[PDB]
């Protein structure tokens, strides 16, 4: 189901997004790597081009929270690769200080990107259907005392995705929407909990998170990519909230 498909992955320069790009590439997708960090993107594209044919990937610099630029980016992806099959709204930040920007990136941009994915992929517009995967977190399901707004953002993604999936069935768009909710993942974002710039008033309680990181353990990005691929290959999965934890592996929130 993945071979020959065109995926747009936001936040693809590193971490989970990069892992998605690699997993999709390994299974024969073409991937637009979309990220606001041009330097990390360049390095990512360089590394991918050592493992994959260059025609298989495209780097586009975009701040997903800039809606005009996001729209431009979708236009570029479809102009470059001719179609869109898979959208992964993966970009996210931890910033409890500039918390409005956290909401803009983590939630608003997931909704706007989702809506663009439906415009490009819905059968209602003559598309072939497709899949949209949105990156939530266990923080989308349970509280995080040291990051309430991050928590808010990931909760929003759960409710939004479950609802949009239901609406997709009703509209016969042919688009399946699912969300992934990882435990801690071994990526650079974990570093953010050390910085008053990112934690603001919550910086003083950062060691509680550091303890949870060690006691729950951390997930390898490839494992999340495995979850991604599962979602993409199983066309029964719509509205699914996929949980990935070190203890229970890849499973689902039941409602």
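Numbering follows the first chain given and starts at 1.
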### Message
Please compare 102-110 with 123-131 and say which has the higher mean C-alpha temperature factor in the record.
### Response
123-131
### Query
Mean CA B-factor: is it higher for 147-155 or for 162-170?
162-170
### Deposited CA B-factor, highest of 189, 60, 46, 70
46
### Task
Sort 193, 213, 64, 31 by C-alpha B-factor from the entry and give me just the highest.
193
### Task
Would you mind checking where the Cα B-factor of residue 7 ranks among the modelled residues of its chain, as the lowest, middle or highest third?
middle
## Note on the structure
Assert third(CA B-factor, residue 237) within chain per record equals highest
## Note on the structure
Of the three thirds of Cα B-factor ranks in this chain, residue 182 occupies the lowest
### Task
Could you look up the Cα B-factor of residue 83 in the entry and say which third of the chain it sits in: lowest, middle or highest?
highest
